[PDB]
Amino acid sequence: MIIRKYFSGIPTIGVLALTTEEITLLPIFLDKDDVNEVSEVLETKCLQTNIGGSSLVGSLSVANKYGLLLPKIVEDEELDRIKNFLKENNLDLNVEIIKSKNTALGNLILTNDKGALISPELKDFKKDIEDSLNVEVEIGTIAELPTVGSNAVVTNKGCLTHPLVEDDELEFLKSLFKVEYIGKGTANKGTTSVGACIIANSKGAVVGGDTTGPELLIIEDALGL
């Protein structure tokens, strides 16, 4: 259920990609073998696209079963490409441009299909985020850091956080995301921003290639994989 990958040599999987239970967004530079390997382990429909001209799809965007959030820099051709892919797959999402000055939506938001956590920097966008993602949204941090999407991985089944999350915050996250599995750890040989290193859903995960055996064990347990 879990594979280790580099994307054209880059171990920071979560900056470059995002997934839901149904779709995965990937950088255009990946070859077809890498795309097929990701599609098989996550059991998703994969779209290769830029966002804002960029391959940093996981840092710039967020999605769940209900909604897809894009930054204000998304380009018309990119929006067209994404909506065409959704239409082709009969996927009806709330596609929403979050017009924040900070365009790193994927770094600032952490969501599954049951709850979402957002950086306090995005407080004035809370209603837009709630209406698109169609889940309970709360404002907060992870291990004192406002880049909650960079510092945790969440799926419908489990959640992995930054290693310095305290038990009271772990209980809050477990409740917010309505998951039965949760844990804390590193990826890519000690990186604490585990959301930058891993994409996952309830069916599988892609973890950055430098992730060690002990780390993989903790990731498996935290995500229920």
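Residue numbers run from 1 along the displayed sequence.
- In this entry, the higher average B-factor at the C-alpha atoms falls on 31-39, of the pair 31-39 and 53-61.
- When the two stretches 105-113 and 84-92 are set side by side, the higher mean Cα temperature factor goes to 84-92.
- In the PDB entry, a CA B factor belonging to the highest third of its chain's modelled residues is recorded for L217.
- Among the modelled residues of its chain, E138 has a C-alpha B-factor that falls in the lowest third according to the deposited record.
- Ranked within its chain, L25 lands in the lowest third, by CA B factor from the PDB record.
- In the PDB entry, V165 places in the highest third of its chain by CA B-factor.
- Sort the modelled residues of the chain by CA B factor and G190 lands in the highest third.
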